[PDB]
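S.K.: What follows is a single structure, and I will ask about it in a moment.
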Amino acid sequence: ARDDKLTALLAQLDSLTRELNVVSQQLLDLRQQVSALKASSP
Amino acid sequence: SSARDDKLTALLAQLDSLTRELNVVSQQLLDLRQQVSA
Amino acid sequence: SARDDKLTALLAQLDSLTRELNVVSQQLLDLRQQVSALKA
Amino acid sequence: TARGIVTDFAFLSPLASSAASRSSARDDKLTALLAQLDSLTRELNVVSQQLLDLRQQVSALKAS
Amino acid sequence: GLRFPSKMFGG
Amino acid sequence: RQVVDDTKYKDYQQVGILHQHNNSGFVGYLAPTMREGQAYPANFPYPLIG
Amino acid sequence: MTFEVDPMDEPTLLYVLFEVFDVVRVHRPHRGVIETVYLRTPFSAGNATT
Amino acid sequence: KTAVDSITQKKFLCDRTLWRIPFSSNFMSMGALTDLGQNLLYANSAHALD
Amino acid sequence: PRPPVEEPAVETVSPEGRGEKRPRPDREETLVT
Amino acid sequence: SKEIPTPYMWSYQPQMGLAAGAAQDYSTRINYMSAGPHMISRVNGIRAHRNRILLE
Amino acid sequence: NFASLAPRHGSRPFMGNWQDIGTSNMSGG
Amino acid sequence: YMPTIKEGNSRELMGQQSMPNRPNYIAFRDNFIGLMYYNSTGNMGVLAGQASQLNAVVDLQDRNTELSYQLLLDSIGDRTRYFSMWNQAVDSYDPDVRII
Amino acid sequence: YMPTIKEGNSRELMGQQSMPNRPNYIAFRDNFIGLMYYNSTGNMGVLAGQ
Amino acid sequence: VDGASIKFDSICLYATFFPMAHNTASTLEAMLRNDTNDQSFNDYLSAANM
Amino acid sequence: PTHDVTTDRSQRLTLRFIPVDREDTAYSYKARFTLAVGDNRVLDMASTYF
Amino acid sequence: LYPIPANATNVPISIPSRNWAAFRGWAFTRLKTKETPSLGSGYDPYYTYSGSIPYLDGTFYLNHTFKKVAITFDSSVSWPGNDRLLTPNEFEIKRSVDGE
Amino acid sequence: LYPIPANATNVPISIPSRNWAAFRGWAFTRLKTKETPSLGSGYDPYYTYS
Amino acid sequence: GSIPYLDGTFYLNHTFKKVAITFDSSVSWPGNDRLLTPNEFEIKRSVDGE
């Protein structure tokens, strides 16, 4: 197909970029928390 | 405690590359999503 | 002891994960240059 | 030369009485980060499974 | 005690 | 239980049920039918002990 | 006491329970204060007040 | 009409001042000697603060 | 269905029917609850 | 313990000027767990002679 | 008499027993 | 059964025969015996006040706190049952193996 | 002073130089401190009647 | 010898509290600070071990 | 029962206690806690564990 | 004055034990170690700064650099407690991530 | 024995609330944790000092 | 087959993560800082850092 096939990429790339925009926020949070523990540690 | 700070400053340097190599994937995924749109 | 081993063992993952995400970006350059070369 | 042996000493002087109560609180946080970081590599591996299957699938489906 | 009734077959 | 780690184990290969040949020549392949194959060292599962 | 046991080809032990009254009485008279008095009879360790 | 996709960064600046947290049961200044400074928990006993 | 109860109202748990060491089997003497 | 109790000693608060609260005199107790009836009876008569003074 | 701390079975408190306050559990006796 | 002491492949090593290893169950003990130092006067535990600093745990070497807790759980509860939180799973041999 | 990292006899080991060990006085303590368990609630001594 | 090894990441103490009413848990507190209301315990084995 | 059984204030059912002074050894591990029972509370030590 | 290291985020402080009667409240503001002399001593030889001293003149400017505040009495009881706040365990001053 | 950490300057101690009858005074001297064995325990494995 | 609604053969209990009970659109139940995560009933976890 062409029309139903194009809707198969608009229902999976949105599902992955929703899973990648959450893990990018979560990794940016945990990077700033490792920099916290490295600073308080001797 | 010099032997334990190297385990943390090497983890910060490799989360540096991880949040950078994920950052180019999050910009190339919105390139080829809007490439399907045309 | 085991805390430092968990610090060591994740760096084996965080180097293998940024190596996969290195070639993740290599296969998505292939996709944006394949969809562009099919509509025209 | 004589700065950083008594300007880091007079700086970190109130934190000397709690050097063991705070070391176990950083032991708490570091064993809590590495389990949140291990599970983050569990999600990013299974996202990358679906993210590389669409090279094998769509290249035989877009160009067919 | 001594108030417990005696065991018999079927009553 | 413990399973294999695809992120830490260096020689990990994902082998599906089509290609797992433990009890290779003494067991029917993908079926409760008659045996088929040769005796051969297995590839599944990975050892968790030893 | 005299114990006659079967001979074994191994160094063995004899675990005798000399049964006593291992009692602890616990007093907390003020906030943060924890006072205990111990007494076991017959085999007394002694007057283990705290 | 050619504006870019944007995100909002919100912050504040509050100079010259101290972040006061009053030790009062309703956070209000009903007197200099507050009602939790006269509280018999905090008056008749010694408590740790972390 | 309900543990045994005395009535002094207040409602007080009765200690009857509890298990004990006996030189003779307790079922032929009492009901054990 | 009921007949010859230990006295509740009052804690002062110098700021409010009131008594904080009374706990028993645990810190002035005398240890007769190694005494016999020739001396436990003599110490219990001192625990009780003290309690007569405090009521007086 | 602390009978407002007891669960009411009916209109009366389900107080426990006096003789259950202690313990005598000990190995062999 | 090794037929040949010599290394390397040979026809005689087609007759070597493979036996499974013995099943070895390594785990924490029942009710976590062996983790906590009980009745060691070198490693006596502390429950005290922060201010008076006098230890209310007077621990002795001829006390057996582990066996006191093993025999207590038999009396107050059903001991054949399993409880994973305190790792309360009693050691029990098989009755057909012990007495043939 | 060891002039050479390597072992075995050489010309350079004529220049090695000796120094006496430090004097270490190992003895029982003054008034025999540390022989007898005083102030141990687990190792407390006994003077009682039989 | 057989290569078993245990390590400890972090040990935390937990404590479950009955949410008793504040002037019921203070009436119980005041009663249990007597010397007549001392909590007395007994070891279940109650034996000396030789 | 409604009144004088359960408190009307905020109170955690379970608390978490980080060690105050932990000490690691090759043969043992020591953890020192603050078992801080708050006011108007009772803690049965059977509910405490590591 | 409690020290905060470079790029440090948590500042755990602790009072051992005290009668808290006639306590009025808290008041906190971040300073700089360069901009604060080691007072109590008559001469600070390592004080290479002659600008405004916010410790002495009230020219506080690092108030915006506070995320949250957690006050716990007696190592167990959160303050103010009693579900007073929308997040009751702590004084959340600012939020980077707000979904609610 | 009140512990003083390394490079610690001010050490506050506390005594909760107490009858001070027949109190005589104070005497004090700083010691070392390396030199002072953990007494009360009948053996100190952490004591590498003679 | 077996109807779990009628006979009590419930088997999908393990597929619950958390429950958030809020009375009256504002008040989280039980509130009162009761749980270690006080705003909801965490039944199970995948990420267990704390």
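For the structure tokens, the naming scheme is as follows: chains receive sequential letters (A, B, ...) according to their order of presentation, residues are indexed from 1 within each chain, and ligands are indexed from 1 in presentation order.
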Skip residue D:24 itself and residues of its chain fewer than 3 positions away, then list as a list in words all residues within 10 Å of it, counting only C-alpha atoms.
M.R.: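 Once the nearby chain positions are removed, what remains is residues 19, 20, 21, 27, 28, 29 and 30 of chain D; 10 and 11 of chain N; 18, 19, 20, 21, 22 and 31 of chain O.
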S.K.: Could you dump the residues just selected with C-alpha atoms as a CSV table (one decimal), in the first residue's frame?
M.R.:
```
chain,number,residue,atom,x,y,z
D,19,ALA,CA,31.9,13.1,58.0
D,20,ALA,CA,30.4,9.7,58.8
D,21,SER,CA,26.7,10.6,58.8
D,27,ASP,CA,26.2,5.7,50.1
D,28,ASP,CA,22.4,5.8,50.2
D,29,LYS,CA,22.2,8.0,47.1
D,30,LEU,CA,24.8,6.2,45.1
N,10,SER,CA,24.0,-0.8,52.2
N,11,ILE,CA,22.2,-1.9,55.4
O,18,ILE,CA,20.5,5.4,57.4
O,19,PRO,CA,23.6,4.3,59.4
O,20,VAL,CA,25.4,6.9,61.4
O,21,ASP,CA,28.9,5.3,61.4
O,22,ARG,CA,29.3,2.2,59.2
O,31,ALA,CA,26.5,-0.5,61.1
```
S.K.: Residues of chain R within 12 Å of chain N, counting only C-alpha atoms - could you list those as a count of residues only?
M.R.: 7
S.K.: Mind checking DSSP for chain J and telling me the helix (DSSP H, G or I) residues as a ChimeraX atom specification?
M.R.: /J:26-28,37-55
S.K.: Excluding residue H:32 and any residue of its chain fewer than 4 positions from it, enumerate the residues within 12 Å of it, using only C-alpha atoms, and give them as a PyMOL selection string.
M.R.: (chain H and resi 22-24+28+36-38) or (chain P and resi 22-25)
S.K.: Residues as selected, C-alpha atoms, written as a PDB file, in the first residue's frame, can you do that?
M.R.:
```pdb
ATOM      1  CA  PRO H  22       8.730  30.977  60.851  1.00  0.00           C
ATOM      2  CA  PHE H  23       8.503  28.431  63.654  1.00  0.00           C
ATOM      3  CA  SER H  24       4.791  29.030  64.099  1.00  0.00           C
ATOM      4  CA  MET H  28       1.961  33.759  60.859  1.00  0.00           C
ATOM      5  CA  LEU H  36       5.625  26.622  68.930  1.00  0.00           C
ATOM      6  CA  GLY H  37       8.370  28.205  71.017  1.00  0.00           C
ATOM      7  CA  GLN H  38       5.939  27.982  73.935  1.00  0.00           C
TER       8      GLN H  38
ATOM      9  CA  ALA P  22      11.649  30.297  72.392  1.00  0.00           C
ATOM     10  CA  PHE P  23      12.734  29.341  68.881  1.00  0.00           C
ATOM     11  CA  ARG P  24      11.383  31.892  66.428  1.00  0.00           C
ATOM     12  CA  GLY P  25      12.151  30.385  63.031  1.00  0.00           C
TER      13      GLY P  25
END
```
S.K.: Do you have the atom CA of residue J:32-atom CA of residue J:6 distance handy?
M.R.: 14.7 Å
S.K.: With a distance cut-off of 8 Å and only C-alpha atoms, select the neighbouring residues of residue P:54, excluding the residue or stretch itself and same-chain residues fewer than 5 positions from it, and output the selection as a PyMOL selection string.
M.R.: chain P and resi 31+35-36+59-60
S.K.: May I have the selected residues written with C-alpha atoms, as a PDB file, in the first residue's frame?
M.R.:
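Output file result17.pdb follows:
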```pdb
ATOM      1  CA  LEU P  31      26.519  33.330  50.161  1.00  0.00           C
ATOM      2  CA  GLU P  35      32.623  37.208  49.378  1.00  0.00           C
ATOM      3  CA  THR P  36      32.560  36.228  53.073  1.00  0.00           C
ATOM      4  CA  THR P  59      23.126  42.589  49.850  1.00  0.00           C
ATOM      5  CA  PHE P  60      21.877  39.050  49.358  1.00  0.00           C
TER       6      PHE P  60
END
```
S.K.: Within 12 Å of chain K, which residues belong to chain G? Use only C-alpha atoms and report them as a PyMOL selection string.
M.R.: chain G and resi 17-23
S.K.: Using only C-alpha atoms, find the residues of chain O whose closest atom to chain L is at most 10 Å away, then write them as a list in words.
M.R.: residues 28, 29, 30, 31, 32, 33, 34, 35, 36 and 49 of chain O
S.K.: For residue Q:16, which residue among L:10, L:53, L:39, L:31 is the nearest when counting only C-alpha atoms?
M.R.: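 Once distances to residue Q:16 are computed over only C-alpha atoms, the minimum belongs to L:53.
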